[PDB]
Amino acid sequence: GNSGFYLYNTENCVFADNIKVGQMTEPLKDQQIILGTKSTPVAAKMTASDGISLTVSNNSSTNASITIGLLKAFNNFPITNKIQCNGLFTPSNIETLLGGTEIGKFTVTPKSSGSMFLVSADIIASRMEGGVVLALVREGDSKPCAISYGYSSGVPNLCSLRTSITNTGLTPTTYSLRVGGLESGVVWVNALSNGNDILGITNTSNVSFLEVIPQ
């Protein structure tokens, strides 16, 4: 179109189709902002990394926007089923896929390169006096990537797994949690020793993944 100067209300403005200032070699192009340097301006792109979300809405002649937010880092997986875990964890099945009983499956997608997932499993469990084993398995692996231990005296108790896992890409990954007795015994999740409801209601165990940037 045209270019020049014009009065807008009381403001004396320059106008043109586009602009090239300083060290720029072409006019402002897609997603570039005019950025000052020690000398003359450059055309710079704004970009997000490490858990930052950058949303450029570039398709409005009038109502364009750039929003800076946090990438969605948190994934919660409630587990409310009562599950009888008859699968034992033994010295011969611990480094296989066969130990314990799967009590949940969780699919997550990293949003940042070189990130970790902070994983918390907090599982309400009951067994006749003895040990509980919890194991986290990555689908495609041939053995658990994290292993933890809890305890029940007969009455329900919280049994926990805390770990961090290194993320190798930006695609969906499926994890499963398996629970079973240490070397022997039957373990109930979200129930009493006999499979009955704890305090006669539905109870809730939790698994969560918090994506964090590691040092």
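Note that residue numbering begins at 1 and tracks the sequence as displayed.
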Between 67 to 75 and 134 to 142 (mean CA B-factor, as deposited), the higher: 67 to 75
Average Cα temperature factor in the PDB entry - higher stretch of 35 to 43, 167 to 175: 35 to 43
Highest-ranked of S184, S160, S57, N157 once sorted by CA temperature factor in the record: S57
Criterion, highest CA B-factor; candidates, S148, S153, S61, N190: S61
For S205, the third of its chain into which the C-alpha B factor falls: lowest
Third of the chain, ranked by Cα B-factor, where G114 sits: highest
Third of chain Cα B-factors occupied by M24: highest
